[PDB]
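Let's start with one chain on its own, the form deposited in one PDB entry, as structure tokens.
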């Protein structure tokens, strides 16, 4: 069968916690006052909830209410409470029972966000570095607290560009990392899924989020949306292999004694690893530097154990120019 794997950092953080920290199933929700909040506008609907802009009439603060459509509820709540106050972690302000849905409604602080599409059109080199560093603060904190987000993507980063403020949001897919635990590979959005998910390797860890961050960075510095543009989860791996090469892919699956789905036999082909310069052109060159390429190269590795961790990434020369 497949060879096991463990995170190379923050491996045992949950084992040294009281059961209460990670045993989300046993968590007892503290309920607030639903009448404190007035819904103002529907912002959107996802697979698992509907999201509203609302006002907290007990202070006139704008808030965001997510009305949930089992146990994912307590998991998200527990993770949000565990991470509350951390750098760039969205703040859960309250939990109320919605009278119409009769499900929990999570109340979050508001962030005046700019649509990433419109906001990826304008970011300077400096601002890419600056905001990447801010996202890293959130991922280092989350992982240091034994949590993997599992859905890092531009839609889940809220940026108030005016105040240069960033929050990592939507922890509904997040999980507690337990060494040796097998996890569902049906997480993350297609274009941000790490190779571990695409080859059905279940014993993954925080390093999944670092792949997703790398895919985000590639899209930003190269002005290519998305960077790996698959038609489905299979073609998604082929798109990655056309950049990273098939030999390193086979080395990866060979290391973990993973066998590819045989349907790849007729679609994967043989591909060399490409040099990152291939993707540089007159329209994106001002966002590219040797430091950017080296940083990207160290995130986008097939082998989840070989990627930079969040803290290692923060140490990278790419961020030397960011004022701290």
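Numbering follows the first chain given and starts at 1.
Beyond the structure shown, there is the form solved in complex with a small molecule, which is absent from this document and is the topic of what follows.
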Only one of 251-259, 295-303, 280-288, 40-48 gets a heavy atom within 4.5 Å of the small molecule in the bound PDB entry; which is it?
-> 40-48
Contact test, all of 22, 78 and 147, partner the small molecule in the bound PDB entry, heavy atom 4.5 Å | no
So in the bound PDB entry, does residue 177 come within 4.5 Å of the small molecule, heavy atom to heavy atom?
-> no
How about residue 228: is it within 4.5 Å of the small molecule in the bound PDB entry, going by heavy atoms?
-> no
Heavy atom of residue 224 within 4.5 Å of the small molecule in the bound PDB entry = no
Heavy atoms within 4.5 Å of the small molecule in the bound PDB entry: does residue 199 have any?
-> no
Heavy atom within 4.5 Å of the small molecule in the bound PDB entry: which of 83, 139, 158, 241 fits that? Just give me the one.
-> 158
